[PDB]
């Protein structure tokens, strides 16, 4: 059936690393690629894009019986912010970013990205705000850019941010992170076909 908005679990094994068990919440199935899902995994800071039925690293995929658990939220969406947060690896950051959107499915979570790490993160920002840790200040087309190792990175534009229509989400073929590009900004080494 339809796994969007569902709790899921599956095995993960990339290459010769030991098999791990991943558990997460499916946020969305990408319209321009219905094989591609966006998932918030438990304890993972970044939103992942995985072809959950096609990826050979994914095994034993199941939906779980378990269920998925305003004025300030409305204000934050689209704002440039300064976020004081601690990452999975213990690094203590004070970073400038932007709040992209309230996340689908998980209703106190927000899509957020940072100028130092322009991928899609997801955090409970209204809690960080109360803690005093947050300060408020093409889709479907292929894309590429040249990397420093003399090769092209290739991907597809998968989402246009409603709060900021010049901001797009890009899925690259080589990676499960979701890359966030604001096209008005000097990020002009992107080529769209």
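Positions refer to the first chain, counted from 1.
In terms of residues present in the deposited sequence but not modelled, what lies between residue 69 and residue 70: none, 1 to 3, 4 to 9, or 10 or more? Count of unmodelled residues in between: 4 to 9.
I want to verify a possible break: how many residues of the deposited sequence sit between residue 137 and residue 138 without any coordinates (none, 1 to 3, 4 to 9, 10 or more)? Going from residue 137 to residue 138, the model skips 10 or more residues of the deposited sequence.
For the higher mean C-alpha B factor in the entry, choose 11-19 or 179-187. Higher mean C-alpha B-factor in the PDB entry: 179-187.
Regarding 38-46 and 142-150, which shows the higher C-alpha temperature factor on average in the entry? The entry gives the higher C-alpha B-factor average to 142-150.
In terms of recorded Cα temperature factor, pick the maximum from 31, 65, 155, 165. The C-alpha B-factor peaks, among 31, 65, 155, 165, at 165.
Of the three thirds of its chain by CA temperature factor, lowest, middle or highest, which one includes residue 110? Within its chain, residue 110 is a middle-third residue by C-alpha B-factor, going by the deposited values.
Quick check on the deposited entry: does the C-alpha B-factor of residue 121 sit in the lowest, middle or highest third of its chain? Tercile = lowest for this residue's CA B-factor.
Check where residue 80 lands among this chain's C-alpha B-factors and tell me if it's the lowest, middle or highest third. Highest third.
What third of its chain, lowest, middle or highest, does the C-alpha temperature factor of residue 99 fall into? Residue 99: CA B-factor falls in the lowest third of its chain.
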